[PDB]
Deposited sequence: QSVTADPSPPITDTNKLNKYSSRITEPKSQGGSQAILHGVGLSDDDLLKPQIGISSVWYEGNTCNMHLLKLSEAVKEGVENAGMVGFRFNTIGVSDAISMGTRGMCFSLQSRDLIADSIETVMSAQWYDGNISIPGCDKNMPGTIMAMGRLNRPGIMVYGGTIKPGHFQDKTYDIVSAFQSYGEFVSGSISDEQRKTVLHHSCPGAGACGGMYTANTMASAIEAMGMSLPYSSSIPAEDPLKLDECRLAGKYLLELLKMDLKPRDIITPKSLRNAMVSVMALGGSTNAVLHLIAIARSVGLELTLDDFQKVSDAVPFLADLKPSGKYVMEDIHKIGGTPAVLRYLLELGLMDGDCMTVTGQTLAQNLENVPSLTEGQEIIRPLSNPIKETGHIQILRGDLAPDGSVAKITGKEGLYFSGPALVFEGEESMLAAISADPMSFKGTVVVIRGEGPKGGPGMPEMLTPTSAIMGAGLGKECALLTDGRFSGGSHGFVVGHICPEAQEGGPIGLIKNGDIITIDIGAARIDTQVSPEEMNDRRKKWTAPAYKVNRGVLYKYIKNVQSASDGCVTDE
């Protein structure tokens, strides 16, 4: 697509954009401000780099990013350019999980994209270095780089180290776990609060192969982060060095005029998808990689994910599904070692250009390969699963698609009477009052989509409640929103069209026999198509849950989950 969003520059000038305001005499007001913020006349000739961090104090994943941003600015100066720091908002899923605050989480990705686009466009910056540390902030920064198509590098803030107390290990999942184990009698109240004091020991995104580590890995695999960016821990001295080197690398990109639309291509998008399948990455990567592909005017469908999934085995023993964390990947050679193996297996395209100014194959040719004897990355011979964990389903009830994490452990079928809830709250109430009424059913939590939630919130408590009731393999779980963790059975999100839009999920009634077939990739109903259409003819959309503010704007702008919930089309 021919994306029209942001200003074009006024051939090998390095200040292609800022010359708009630093050179013409008709822009004397611009130059006066720049002198006032401390630029000399000689500084006016230099490229201006927008340094967009996502620092804030109320989240471990973000509280350290200001220090990183100072390192990035110093490196930009040490490279002969002018560095201008600015900062946008972010929100913490770990804080807001379980609450209505979670309705504000997904859209913060698109707010951040808008934020950085706005500043780069208004201030005429020549290039960008972004420092996210957290979930939705990674893809938000890439989307703004794609819209602007000015040279850019994403510096991942880095993952948090695991927590340790008396030879037992924790992360944020342990803290999520602790309340269920408390009411379960599994642990006492004193054990439960030791969990919460010792779960997150410092700065960083959440420790496992969760959304943050998935996206940072995928973005590195996409060539838009420097090698090792995704795997160096947040608190590591080498993270600061990477910050200080981004300026040098960005200078080279301005010299080459190597732009994000030269780096983010169908093939580098595939490389990113390969990393997701190989590492067992989050199903949220489906939403974010589609948004990222759209931002550079490319197409990316649910079916493209199925094809890559089928072509790529699950190889990594990493939480949540497995046992290791991102720090362990760091210790055995980092993300470049992992990608080196995948490239040697012929699974990746090595000719894609990256922010090093070289191709992926040139980056990976001379990096230490995986540590001899490591048990995290299985060989192609003995994979954890022969194909990817990510599965697309499209039955009667998800005609426009849906997304599931499938281990190959759950069997190929589940059939049961539907048990329908209009939100997370009523589902949890019902399973507390009456767990046995759930045995054998297909639990449907609807009204949680992009418009219905609103905000397509991530829900963790339904899968926790089902496990703690002992129903993990004895029920299935469907939503137009998103589930956070796994059952030991069938769990499907992103069901499209969402219930708010009158998709078949909004027409289900209690007792309807729903059949999930993994092999046919279908979520079907025993209800006849004509009775479903009768239900459709009689359906009226429920009133929106908001009429003002950022979430009403989201409702007005957001596309379906199958379209990556983009908001600017």
| item | value |
| --- | --- |
| Coordinate gaps, deposited numbering | 11-13 |
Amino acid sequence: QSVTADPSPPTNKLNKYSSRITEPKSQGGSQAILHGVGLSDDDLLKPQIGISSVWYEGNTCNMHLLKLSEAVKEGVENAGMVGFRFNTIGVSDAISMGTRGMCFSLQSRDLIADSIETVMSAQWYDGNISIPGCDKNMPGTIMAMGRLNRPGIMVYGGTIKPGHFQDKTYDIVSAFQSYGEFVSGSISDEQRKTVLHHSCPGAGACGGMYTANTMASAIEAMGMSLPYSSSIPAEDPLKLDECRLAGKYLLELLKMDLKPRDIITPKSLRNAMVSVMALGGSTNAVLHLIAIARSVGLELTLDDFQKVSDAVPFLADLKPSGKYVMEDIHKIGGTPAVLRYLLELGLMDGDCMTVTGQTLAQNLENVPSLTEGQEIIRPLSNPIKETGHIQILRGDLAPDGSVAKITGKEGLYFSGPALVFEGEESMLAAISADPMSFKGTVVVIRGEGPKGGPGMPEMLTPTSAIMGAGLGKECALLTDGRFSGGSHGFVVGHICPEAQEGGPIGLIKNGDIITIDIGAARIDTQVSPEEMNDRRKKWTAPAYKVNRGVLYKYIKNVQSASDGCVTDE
From here on, numbers count along this sequence of modelled residues.
query: Segment of higher mean CA temperature factor, 341-349 or 245-253; finding: 341-349
query: Mean C-alpha B-factor comparison - 382-390 and 75-83, higher one; finding: 382-390
query: Residue with maximal Cα B-factor (values as given in the PDB entry) among 124, 182, 104, 483; finding: 182
query: Maximum C-alpha temperature factor, selected from 332, 212, 291, 477; finding: 332
query: B-factor third for the C-alpha atom of residue 494 within its chain; finding: lowest
query: Where the record places residue 150 (Cα B-factor, split into thirds across the chain); finding: lowest
query: CA B-factor placement of residue 165, once the chain's modelled residues are sorted into thirds; finding: highest
query: Chain thirds of CA B-factor: placement of residue 542; finding: middle
query: Assigned third (lowest, middle, highest) for the C-alpha B factor of residue 11; finding: highest
